[PDB]
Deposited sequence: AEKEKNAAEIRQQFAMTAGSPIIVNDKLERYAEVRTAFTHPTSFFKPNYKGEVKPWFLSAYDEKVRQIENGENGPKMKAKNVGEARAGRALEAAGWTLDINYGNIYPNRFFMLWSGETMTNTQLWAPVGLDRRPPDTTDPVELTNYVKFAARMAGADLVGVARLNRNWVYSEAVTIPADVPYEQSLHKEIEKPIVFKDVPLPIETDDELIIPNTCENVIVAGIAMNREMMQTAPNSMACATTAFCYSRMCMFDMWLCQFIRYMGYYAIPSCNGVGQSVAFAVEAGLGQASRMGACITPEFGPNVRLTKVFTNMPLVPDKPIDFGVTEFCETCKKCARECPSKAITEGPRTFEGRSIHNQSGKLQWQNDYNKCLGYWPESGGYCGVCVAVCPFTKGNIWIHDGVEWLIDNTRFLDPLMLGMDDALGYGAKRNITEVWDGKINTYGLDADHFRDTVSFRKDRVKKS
């Protein structure tokens, strides 16, 4: 008979021995965040459909407007009517409500405060003194169970812990000066170094963002996106599940940082800022790196967003996982073949970046992320075709052969219906939600 799926068993079966799985060489340096395609001057500008050169997201706005006027849900993709086209973009735009300027990357600004002191919640609770009382628990085992339980309350579908590898922390962040109001933010962005110093608490000076040398650990969360909506990539409903998950990330960071602070430790939120989420997720055992470049998880494949929190709270690091992704990506190449911009390489992994947007010195598939971003104004969205076509995104991949779990190799061989179809709270799917049930034994060993 069919053995019922057991996600905890799967992770136990594929657990590796301790050690960062990412292979590096001597040319590895920390990466300046301004080099990402979203921010770098070589890639930031893209033409719109009239040939006007603009910040990429403004060119994409132009395409969204054109699609709604023409009753389309995506490039060359007719909607049922203009109202359906309108509804998809209204859902997408609303999803971003709790996210600043597409990713919350400015450290210690807006929602990403590095101290809780000025928050309305901290002020309301100040008489209890939870953020000023020394920790009552220093045992990493108990702290790991407490913080992972809190992480699930805070909206994580996956959570893992790693020691902080500074190689993945940006050498300089993109931010804004502290006196700049929101309406000027996009015009006043600056770079600011992230440094590690012997100080008691995270602190920002005029010159530096300072992380304490005591900042030992990173907690990584996976925030699951909706399968049906992502499968509409590159059209608007894939944009909407992306957007809503960014606001879920923001809530997660603030909730968890406050819990950690109220336990007597400090906590640094980040969302898409501070450092490279995929590398942290791999080191924390959420999944493995992939050809497309994302972290592929056993539960969701790559169809999951990542955020992370940095802390001095003593914790037990999780073990990395190896469930064969590297070997499958070596022969699969579906994302590379379906990529509308040919951004994803079909070749082997190397240590040599394809362009300024890649960090050299770590073994990975090297993709051209300027080509990727170029498709976003063209399509009026955030694409996601690679996530959508990846076999690991299917809910169907795990089988048990009577002895152990394995991947089913057979897997690698419209929007109106989405609006009219299955949905549940936060876009989670009750057919798979048991996969993320958690007891103490899977939170800490």
Where are the gaps relative to the deposited sequence?
414 to 430, 463 to 464
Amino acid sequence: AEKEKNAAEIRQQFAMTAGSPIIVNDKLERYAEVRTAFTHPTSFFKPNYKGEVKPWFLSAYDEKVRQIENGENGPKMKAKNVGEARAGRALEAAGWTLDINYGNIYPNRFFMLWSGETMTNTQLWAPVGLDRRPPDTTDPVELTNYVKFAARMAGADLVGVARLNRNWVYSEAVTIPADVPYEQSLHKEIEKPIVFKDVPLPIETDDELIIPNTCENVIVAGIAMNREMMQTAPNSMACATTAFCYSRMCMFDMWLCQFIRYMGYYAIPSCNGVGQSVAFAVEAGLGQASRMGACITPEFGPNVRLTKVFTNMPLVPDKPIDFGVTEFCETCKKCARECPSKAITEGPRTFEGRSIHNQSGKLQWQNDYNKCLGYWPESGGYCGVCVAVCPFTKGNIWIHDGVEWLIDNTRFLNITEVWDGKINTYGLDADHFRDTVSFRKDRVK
From here on, numbers count along this sequence of modelled residues.
Other compared entries missing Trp398, a third or more:
yes
Between us, would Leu413 come up missing in a third or more of the other compared entries?
yes
Of 146 to 154 and 164 to 172, the stretch whose C-alpha atoms average the higher B-factor in the entry
164 to 172
Per the entry, where is the mean C-alpha temperature factor higher: 43 to 51 or 397 to 405?
43 to 51
Select one of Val82, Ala90, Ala294, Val304: the residue whose C-alpha shows the highest B-factor in the crystal structure entry.
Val82
Among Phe252, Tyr182, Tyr266, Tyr375, where is the Cα B factor highest in this entry?
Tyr182
What third of its chain, lowest, middle or highest, does the C-alpha temperature factor of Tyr31 fall into?
middle
Relative C-alpha B-factor of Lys333, binned into the chain's lowest, middle or highest third:
highest
In terms of the CA temperature factor given in the entry, to which third of its chain does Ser236 belong: lowest, middle or highest?
middle
Quick check on the deposited entry: does the C-alpha B-factor of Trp365 sit in the lowest, middle or highest third of its chain?
middle
For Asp99, does the deposited CA B-factor place it in the lowest, middle or highest third of the chain?
lowest
